[PDB]
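Below: one protein chain in two forms, given as structure tokens, structure 1 then structure 2.
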Structure 1
């Protein structure tokens, strides 16, 4: 199954390299660059895992309640404000799990012999494998949170992130 290699590549080649300095970079931002009133950026890296593997080109312009705030100083990571009831309800470092783009592309390539059913199953296995790797990983010190979801009826991505953000604090 492709999910196993995708989760290991993502952890080894990316997460284990960015997670150790993440809390220091967020701290730097909150203390020296953040001008929001009671808008401290949450301490975890929030990873969007749409199980449908639909990764847009621009995160921000996919939900009006998710607005780009700043680049996280010191790799390119972005800070977003999350709105609820028309007001800022939270701020976090947020991004899509790029290996889902591979699963989407494989389902779009007839020679891969990879159905939408195979894609959904591998997306769930990728999530489960990555969760398992991070649970045993020394770099993951209350540093990373996976946000896996499916669409049902309108969907609110901001509400999904906020439920995880509130689970932190």
Structure 2
């Protein structure tokens, strides 16, 4: 399956490389009490906007974490950057975390729109479900995941309330 490959791609070329160095990057930034995990937004509708504040105005960009750099596949100093968001609830800052959407969900979205990609617009939801299921299975038994990462899967609503529910569990 394409979803299965994308979930494996997402772990191999991203999660596996950034999750081990994430603690040191948040500690560096702290030294506005940002949480220690990467919160990954997984909309099952594959609706992935580039600006989180457009999805919910109660999610507001605060700052970027110090950039991660690595030589990768002929690219000298490839950059991995993560953004810090503050979550508002009735005019109050209720949480602060490293938040982003899972980017492969934009591939599933674009593949369902292009005729030569071979999967209908109808198939988007089950591909998104298989992607979340594969990613949860990978992170269940992955070493780089040590209470380091949280997946927020959802079907449409308040996005900031959805994130806060997961944040309040810790």
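Positions refer to the first chain, counted from 1. The term rigid core refers to the maximal set of C-alpha atoms that superpose within 1.5 Å between the two forms.
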> Hey, after the core superposition between structure 1 and structure 2, which of 69, 137, 125, 112 has the C-alpha moving 2 angstroms or more?
Replying inline: 112
> After superposition on the rigid core, what is the displacement of the C-alpha atom of residue 86 between structure 1 and structure 2, in Å?
Replying inline: 1.1
> What is the C-alpha shift for residue 51 between structure 1 and structure 2, rigid core superposed, to one decimal in Å?
Replying inline: 0.4
> After superposing on the rigid core, how many Å does the CA of residue 60 move between structure 1 and structure 2?
Replying inline: 2.6
